[PDB]
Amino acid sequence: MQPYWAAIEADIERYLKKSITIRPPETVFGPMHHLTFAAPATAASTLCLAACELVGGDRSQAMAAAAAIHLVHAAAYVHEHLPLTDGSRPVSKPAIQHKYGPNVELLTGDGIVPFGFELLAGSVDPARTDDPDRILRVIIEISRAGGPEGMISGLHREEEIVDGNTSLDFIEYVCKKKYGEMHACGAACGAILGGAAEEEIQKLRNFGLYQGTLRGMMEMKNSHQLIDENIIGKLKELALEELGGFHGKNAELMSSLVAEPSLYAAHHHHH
């Protein structure tokens, strides 16, 4: 991935590692630490630091929120891959490795989610007037995005997808619920924590919604090869359209999350 996004991801990884110190009882902290880093990286979390910087705040004030977002995503990822016993859900062709048993995984996801809210609540800076109101607003955004009408609705509907038989419209909706709302949440929170006005917040939100949906589609294009460029182009267009009005070094980068800049690498390979 691009250098900028990779350096932001590493910062989040270093912050989570400093925040989760394996200690007694290791039966609790060992899996808590392992499952946090076993989940895939999500751009919903880097998008939070990026959006903050895009509106001029310091990415450091969006860190607790970027961490919380990854944590909520990770707990959902762990629960999504639990071996359930009743065939109530498809056993998605891709079985992943499991270091810990179902019970420990189940419980650990339950411990990881509140940890994100703990980090957010504890990051309130006394010498910062608007911290409480912003952190409160961001807790609401994240809890909604990881709630019954957000990511969980996506996970639930994803279970209805049937290989090479589900329409692109249906898969795109699942992606919007499972990934777009969370990405929209990260961009919006990063804007909020960086002082943006309601104007820039709503545009960055829409941006994350479209980029997150597209990101989910790209990852589902590996199990429903029919990924038409129409959809990709539609979302990409919808996304870029929301970024008009940010200009500059920072906005250039943000923009690249959705549209990779022209690079000799690409061309050379095709060569």
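Don't overthink the numbering: it's just position in the shown sequence, from 1. Rigid core (definition): largest C-alpha set, two forms, superposition within 1.5 Å.
- RMS Cα deviation from the shown model in 6 other deposited structures of this protein, rigid core fit, is larger for 236-244 than for the other stretch of the pair 236-244 / 47-55.
- Across the superposed structures in 6 other deposited structures of this protein, aligned by the core, the stretch whose Cα atoms lie more distant on average is 251-259, chosen from 251-259 and 18-26.
- Look at the mean CA B-factor for 80-88 and for 101-109 in the entry; the higher one is 80-88.
- Averaged over Cα atoms, the B-factor as recorded in the entry is higher for 162-170 than for the other of 181-189 and 162-170.
- The PDB entry assigns the greatest CA B-factor among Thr36, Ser60, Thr42, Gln211 to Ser60.
- Between the residues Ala65, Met220, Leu204, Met32, the entry's highest C-alpha temperature factor is the one at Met220.
- For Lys93, the recorded CA B-factor ranks within the highest third of the chain. Only modelled residues enter the ranking.
- Ranked by C-alpha B-factor against the other modelled residues of its chain, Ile20 falls in the middle third.
- In the PDB entry, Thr129 places in the highest third of its chain by CA B-factor.
- Ranked within its chain, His70 lands in the lowest third, by CA B factor from the PDB record.
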